[PDB]
Each structure stands twice: as structure tokens, then as C-alpha cells.
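Heads up, the thing below is written out as C-alpha cells.
In this analysis, Cβ positions are derived from the backbone assuming ideal geometry, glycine residues included, and neighbour counts consider all displayed protein chains. Just so it is clear, none of the values below were taken in a lab; they were calculated from the coordinates.
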Number of protein chains: 2
Amino acid sequence: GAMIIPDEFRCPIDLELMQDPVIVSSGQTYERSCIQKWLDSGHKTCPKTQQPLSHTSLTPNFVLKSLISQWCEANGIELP
Amino acid sequence: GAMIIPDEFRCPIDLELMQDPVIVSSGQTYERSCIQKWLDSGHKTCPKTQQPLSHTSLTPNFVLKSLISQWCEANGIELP
């Protein structure tokens, strides 16, 4: 039928399911890989609104991970 | 209906229902009110581990907001 994961468990930037959740200073959640490229590129601004960024953080997701684990169990499936 | 919400949404510190979570540099989520008291007290150690904190990070809630709204809708219950 139809089975789509909530946007909460998907990377907003790539709109794709991935196992690497990280959070920005603003509290936004994005894929770590994308951010590494973003920082590596030398970009010090938020891609979402093109606003300037004076601080970055490598804080990993916590509750998101726990929630996704429960989500998979409910469906009785494993992450791709 | 379910009168008990998942511990993920519940504040770990007081195990009480609230809507104002923030993150810590250690990837821990605590209620905003509690951390404010901590700062006011001039404490420099993590309450749970009683270990010194060389630094701290303040990040407002994020994906929790979306989940909270959806959760209430699923149960058809108003959020206190």
C-alpha cells in the first residue's frame, strides 16, 4: 500500500533516509555528511535561510535515534 | 486512550510532562526551566554525573515539536 517515514526521520537537505543525524546550533537537524562538506567548503552560513553563522556544533542526535529505533520496531523492519 | 506519554517526550530530570526541551553539549536533553535554575545557582557540573562541565551549549527544541503535535492528534488529546 503506502509506507512513508515521517519527515522527522529523514534528512531535510537530501530528503532521503540515512543513518547519521546531527544538529546545528539553531537546533536544525541535517545529515553529518552534508555538513562536513558544507564546513569543508568553507561556508559559514546557514543554507536554509542564507543567514550568517558565528558558531557551529557537532552535537549528535539522541532522542531522534531512540525514536527511530522504536519506529522500526513498530513496523518490524530494519533500516535500509 | 493512553494517559501516559513516551519517556522520550518526558523530561528526564523530573520525568514530568513539559514542552520546552533543550540540548546539552553532552547530547543530553533537559527541560529549559531546570537548566535555568542550574545556571542561576552558578553550578559548573553535570547534575546526573556530578562531573565538571568545561563548557555548555544551549539549543531550543526541534523535531520534538512536530512529534508532540502529531502524538496529541493521534490520541485526540489536548496537550496540557
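Filtered by the rule that a residue be out of contact with any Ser or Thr (no Cβ under 7 Å at 6 or more places or on another chain) and facing chain B (nearest Cβ under 10 Å), region A:52-63 gives A:58, A:60. The set of residues in region A:1-51 being assigned to a helix (DSSP H, G or I), exposed (fewer than 13 other Cβ atoms within 10 Å of the Cβ) and within 14 Å of another protein chain (Cβ to nearest Cβ) consists of A:7 alone.
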